[PDB]
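Tertiary structure, described
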Amino acid sequence: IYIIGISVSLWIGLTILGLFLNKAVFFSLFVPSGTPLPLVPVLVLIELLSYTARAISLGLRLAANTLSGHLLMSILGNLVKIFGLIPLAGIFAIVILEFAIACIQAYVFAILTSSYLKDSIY
Amino acid sequence: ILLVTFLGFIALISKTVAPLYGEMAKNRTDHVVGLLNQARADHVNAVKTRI
Amino acid sequence: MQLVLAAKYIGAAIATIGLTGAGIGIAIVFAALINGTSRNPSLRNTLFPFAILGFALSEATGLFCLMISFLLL
Amino acid sequence: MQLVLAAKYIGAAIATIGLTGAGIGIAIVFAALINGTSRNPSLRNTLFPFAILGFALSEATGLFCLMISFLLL
Amino acid sequence: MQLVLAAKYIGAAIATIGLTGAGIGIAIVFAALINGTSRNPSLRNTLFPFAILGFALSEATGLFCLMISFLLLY
Amino acid sequence: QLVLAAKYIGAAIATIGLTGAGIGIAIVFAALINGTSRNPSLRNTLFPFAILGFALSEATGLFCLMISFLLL
Amino acid sequence: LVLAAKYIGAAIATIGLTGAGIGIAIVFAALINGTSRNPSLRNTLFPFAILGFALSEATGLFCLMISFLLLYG
């Protein structure tokens, strides 16, 4: 699941960069705020470079959720050796936060794609 | 954690069942009330035009 | 051999230093949303969509930094 | 295995540096909720739901960083 | 022993670096409660219950980090 | 031996820059959530500066991650 | 051995990214909060944000060239 998540996220990042480059062949380009200054081409850490960082951050949700569930093996040996009822409440809160993180990660990926489509048509 | 997740999701699905039926009343049940009000207004307009 | 195995345990310790920015970032967005909701009337939607989307962007640094320490251990 | 045994004890100590961000996050979310409730009248629900959900997101960094130091012992 | 014994003493000192977040957390919750109580009249309960419950959550990070340094020295 | 053991240390201390990139996304979101409740910067206006400001603040984390990934 | 110390120069030099990452958000927080007070929209505050961000990002570009030069020359 970890290797399939990084491979699926890399294909979505290449499609976002290819769609923005195809629209620049008939609607100018620029994409730079000018305010009586220069050195705007050196800070090209967005658009093309931003797709690589957004794909690794969105694809890491599958690996982070598996790390929380795999951490119960270290707490299972100590609870079967204070009362052990504190581990049940902590595992229930981490499972609810991991399931709710999938909806927040899906909304963050759709919000990032809306900025690329709106800037390519302006 | 498997038994705690099944018990917590059972209580959340029970409260969501009442919320889904109540939220559907403003769209599904509201369509029947809107169609009945439109049919009553069309019947009064047809009776006034026939008179 | 022996030097490469000892560096794997220390590589996962210093890489977890980024949890201070990701942990405090989840509370910085929640502090402004709780204090701003009582000022009327950013409750339903409007500011609710930016709080859910802003929390996932701030927490992305902790998930990316955790993959480096997990790959070296 | 002399170098790997000494690195396991040092790896669990430097990995606990992330508790500063998780510990201060529980107080940052509680400071805005206590000062915002006195403005009338964010008490029942409204701001009470965001404080409980916001504290769980900030505490996730402390629980995730503690599993790294516990697995190396 | 030798290498493992020297790493146990140094591990109890580096693990105590997390006390800065737990120590400053008790003052951050007390500063908002003292400044907010002057607006009249959050005294009994209300603000006193959130300050007592909020201080226990911030102190959980320091108590959990102290058990790691204490287990390596004993 | 010495070059292989130094590769693990080259990716551990290099990830310390995530504190600036992680807290930067929350600093721009705190001013945007508190400013939107003052009426009525919703569509565009303040939304364009918050979307463009979040990508510039996240550029530091992408450059620091490429250094740790190249040595590991 | 010079190859062992060359890898450490590219990791400890990245500690300066905290000032460049937080500086881009500090200038954006004052510009977003000041534009909602009517009516610093066209130019004025928008033109100073592009020039002000280049001064804060100059420290991160100079510090990144030091660690990149040790890994190649």
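Header annotation of the entry names cryo-EM as the structure determination method and lists the resolution as 7 Å.

1. Focus: the overall build of chain G
Each helix and strand counted, chain G has 4 helices and 0 strands in total. When the helices and strands of chain G are read in sequence order from the N terminus, they spell out α-α-α-α. In summary, chain G has a C-alpha radius of gyration of 18 Å against a globular reference of 11 Å for 73 residues, an excess of more than 25%. Taken along the three principal axes of its C-alpha coordinates, chain G extends 60 × 15 × 10 Å.

2. Examining the overall build of chain E
Looking only at helices and strands, one finds 3 helices and 0 strands in chain E. Of the regular secondary structure in chain E, the N- to C-terminal order runs α-α-α. Here the C-alpha atoms of chain E give a radius of gyration of 18 Å, more than 25% beyond the 11 Å that 2.2 N^0.38 yields for 74 residues. With the C-alpha coordinates of chain E rotated into their principal frame, the extents come out at 60 × 15 × 10 Å.

3. Remarks on the interface of chain F and chain C
Residue-level contacts link 15 residues of chain F with 21 residues of chain C. Contributing elements (two or more residues each) for the side of chain F that touches chain C: helix 1 (2–9) and helix 2 (18–36) of chain F. Ranked by residue count, the leading element in the side of chain F that touches chain C is helix 2 of chain F, at 7 residues. For the side of chain F that touches chain C, a count of residues per class yields 10 nonpolar, 5 polar and no charged.

4. Overview of the arrangement of the chains
For the 9 pairs of chains in contact, the largest share of contacts goes to chains C and F. Structurally, chain B and chain D remain out of contact, their C-alpha atoms never closer than 16 Å. In this view chain E stays clear of chain G, with the nearest C-alpha atoms of the two still 18 Å from each other.

5. Quick notes on the environment of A20 of chain G
Residue and element names in this part refer to chain G. Inspection of the secondary structure puts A20 in helix 2 (residues 17–35). Considered as a pair, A20 and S56 are 36 residues apart in the sequence and their alpha carbons are 6.2 Å apart. Once residues lying within four places of it in the same chain are set aside, the contact partners of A20 are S56 and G60.

6. Let's talk about unusual backbone geometry
With an omega dihedral of 0 degrees, the bond running from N40 of chain E to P41 of chain E counts as a cis peptide bond. With respect to the element layout, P41 of chain E can be found in the loop between helix 2 (19–36) and helix 3 (47–72). The step from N39 of chain F to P40 of chain F runs through a cis peptide bond, and the omega angle for that step is 0 degrees. Phi at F30 of chain A is positive, roughly 55 degrees, even though this residue is not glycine. Positioned with a positive phi, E47 of chain A is a non-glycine residue whose angle comes to about 55 degrees. Take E47 of chain A: it is sitting in the loop between helix 1 (2–23) and helix 2 (48–59).

7. Re the packing of helix 2 (residues 19–37) of chain C against helix 3 (residues 47–58) of chain D
Helix 3 of chain D packs onto helix 2 of chain C with a crossing angle of 165 degrees between their chain directions and a minimal axis gap of 8 Å. Taken together, helix 2 of chain C and helix 3 of chain D sit at an angle that is classed as roughly antiparallel. For the crossing formed where helix 2 of chain C meets helix 3 of chain D, the hand is right-handed. Note on element contacts: helix 3 of chain D touches helix 2 of chain C through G54, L57 and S58 of chain D, opposite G23, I26, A27 and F30 of chain C.

8. Notes on the environment of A14 of chain F
With respect to the element layout, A14 of chain F can be found in the loop between helix 1 and helix 2. A C-alpha to C-alpha distance of 36 Å links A14 of chain F and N44 of chain F, two positions 30 residues apart in sequence.

Analysis parameters
Residues numbered from 1 in each chain as written, not as in the entry; some residues may be left out. Chains lettered and ligands numbered in written order. Part of a larger assembly, values for the part shown. Heavy atoms only, no water. Residues with missing side-chain atoms left out of burial classes, pairs and counts. Helix = DSSP H or I, 4+ residues; strand = E, 2+ residues; numbered from the N terminus. Rg over C-alpha atoms; globule rule 2.2 N^0.38 Å. Contact = heavy atoms within 4.5 Å. Nonpolar A, V, L, I, M, F, W, Y, C, P; charged D, E, K, R; others polar. Axes fitted to C-alpha atoms, helices over the stretch in contact; angles between N-to-C directions. Parallel < 35°, antiparallel > 145°, perpendicular 65-115°, else oblique. Left-handed = near helix turned anticlockwise from the far one by under 90°.

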